[PDB]
> 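Structure in structure tokens, see below.
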Amino acid sequence: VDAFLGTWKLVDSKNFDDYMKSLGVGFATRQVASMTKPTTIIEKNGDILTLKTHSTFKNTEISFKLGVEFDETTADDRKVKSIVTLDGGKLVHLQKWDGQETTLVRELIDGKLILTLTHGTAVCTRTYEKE
Ligand SMILES: CCCCCCCC/C=C/CCCCCCCC(=O)O
């Protein structure tokens, strides 16, 4: 997990609108979200990880242990059951609610952090650079 730790800024995004649409996020919030460039902070204290996502629009913070289910309230106000694990060197976050599921996968490639979000048929790729 150590190579993911630090402060990351968004530098590219593909298909985030499709992803938000698939989740049912309304047009007005999609507008503002398409113009926001979040900062993601990942820190560890022992076996507890904390992931903060800061922007001018909304902010989120979750703390979890790898492999242990937790309740999460997402930025779009879903209440889901979450689990984060390390899989092939990727940080894999699975959210489940109402019989549905979405995955948020983070991998390090050439020193950049690539976040892939999948729900239904929609796939979004977001690229973060280390600050
Ligand atoms: C919460 C801080 C950034 C919020 C941006 C707008 C959110 C609007 C609704 C989004 C629903 C999908 C939630 C997950 C998106 C994560 C984006 C990222 O970490 O790159």
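We use all heavy atoms of the structure for the numbers below, so side chains are in, but hydrogens, waters and symmetry mates are not. Sequence positions, counted from 1, serve as the residue numbers for this chain.
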> Does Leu51 reach the side chain of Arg106, with side-chain heavy atoms less than 4.5 Å apart?
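Side-chain contact under 4.5 Å: yes.
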> May I ask you to decide if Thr118's main-chain N or O and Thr102's side chain share a donor-acceptor pair within less than 3.5 Å?
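Yes, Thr102 side chain to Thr118 backbone: donor-acceptor pair under 3.5 Å.
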> Mind checking the CG-OG spacing from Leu117 to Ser13? Nearest 0.5 Å is all I need.
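That separation rounds to 8.0 Å.
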> Considering all heavy atoms of both residues, which atom of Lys96 and which atom of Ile83 are nearest to each other, and what is their separation?
NZ-CG2, 4.3 Å
> Donor-acceptor check, side chain of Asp77 to backbone of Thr73, threshold 3.5 angstrom: yes or no?
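No, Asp77 side chain to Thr73 backbone: no donor-acceptor pair under 3.5 Å.
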> Looking at side-chain heavy atoms only, is the closest gap between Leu49 and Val84 below 4.5 Å?
no
> Identify, with sequence neighbours excluded, every residue that meets side-chain contact (heavy atoms from CB on, under 4.5 Å) alongside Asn15.
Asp18
> Does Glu61 reach the side chain of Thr50, with side-chain heavy atoms less than 4.5 Å apart?
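Yes, their side chains come closer than 4.5 Å.
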> What heavy-atom pair brings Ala75 and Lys58 nearest, and what distance separates the two atoms?
O-CE, 3.0 Å
> Taking all non-hydrogen atoms of both residues into account, name the closest pair between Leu91 and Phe4 and its distance.
N-CZ, 3.8 Å
> Can you measure from NE2 (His54) to CD1 (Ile41) and round to the nearest 0.5 angstrom?
4.0 Å
> Let me check something: do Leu10 and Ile114 share a hydrophobic cluster, defined by ILVMFWY side-chain heavy atoms less than 4.5 Å apart, either directly or through other members?
no
> Report, as yes or no, whether the 6.0 Å neighbourhood of atom NZ on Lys81 holds more than 12 heavy atoms from other residues, nucleotides or ligands.
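Result for NZ/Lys81: open.
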> Could you report the tightest heavy-atom contact between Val1 and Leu86, atom names first, then the distance?
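What the structure gives for the nearest pair is N-CD2, 4.2 Å.
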> Strictly by salt bridge (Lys or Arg N to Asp or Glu O under 4.0 Å), give each pair with a member in residues 116-131 just once, sequence neighbours left out.
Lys112-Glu129
> By side-chain contact (heavy atoms from CB on, under 4.5 Å), which residues pair with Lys65, not counting sequence neighbours?
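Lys65: side-chain contact (heavy atoms from CB on, under 4.5 Å) contacts with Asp47, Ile48, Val68.
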> Looking only at side-chain N and O atoms, does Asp87 offer a donor or acceptor that is under 3.5 Å from a partner on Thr85?
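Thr85 vs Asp87: no donor-acceptor pair found between side chains.
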> Say whether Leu23 and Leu115 are linked into one hydrophobic cluster, either directly or through other cluster members, by side-chain heavy-atom distances under 4.5 angstrom.
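Yes; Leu115 is reachable from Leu23 via cluster members.
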> Is it true that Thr125 and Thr116 share a donor-acceptor pair across their side chains at a distance under 3.5 Å?
no
> Working to the nearest 0.5 angstrom, can you tell me the gap between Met35 CE and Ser55 OG?
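Output value for this atom pair is 13.0 Å.
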> Under 3.5 Å, which donor-acceptor pairs do the side chains of residues 24-32 form with other protein atoms, sequence neighbours left out?
| from | atom 1 | to | atom 2 | distance (Å) |
| --- | --- | --- | --- | --- |
| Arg30 | NE | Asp17 | OD1 | 2.9 |
| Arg30 | NH1 | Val25 | O | 2.9 |

> Is there side-chain contact between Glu72 and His93, with at least one heavy-atom pair below 4.5 Å?
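In contact.
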> Please report the interatomic distance CG(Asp71) to CD(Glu69), rounded to the nearest 0.5 Å.
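The CG atom of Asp71 sits 7.5 Å away from the CD atom of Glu69.
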> Within a radius of less than 6.0 Å around NZ of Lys21, do more than 12 heavy atoms belonging to other residues, nucleotides or ligands occur?
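Incorrect, the count does not exceed 12.
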> Should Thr60 and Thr74 count as side-chain neighbours, where that means a heavy-atom distance under 4.5 Å?
no
> List for me each residue that meets salt bridge (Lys or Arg N to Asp or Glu O under 4.0 Å) alongside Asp98, sequence neighbours excluded, and say none if there are none.
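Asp98: salt bridge (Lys or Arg N to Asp or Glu O under 4.0 Å) contacts with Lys79.
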> Would you say the side-chain atoms of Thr36 pair up with the backbone N or O of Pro38, donor to acceptor, closer than 3.5 Å?
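A pair under 3.5 Å: no.
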> According to a 4.5 Å side-chain heavy-atom criterion applied to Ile, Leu, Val, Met, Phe, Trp and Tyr, with indirect links allowed, do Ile42 and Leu108 form part of one hydrophobic cluster?
yes
> Can you hop from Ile62 to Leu66 via hydrophobic side chains spaced under 4.5 Å?
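In one cluster: yes.
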> Restricting to pairs with a member in residues 106-131, which pass ring-ring contact (aromatic ring centres under 6.0 Å, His included), not counting sequence neighbours?
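Only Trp97-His119 qualify under ring-ring contact (aromatic ring centres under 6.0 Å, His included).
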> Tell me the closest heavy-atom pair linking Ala3 and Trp8, and the distance in Å.
O-CZ2, 4.0 Å
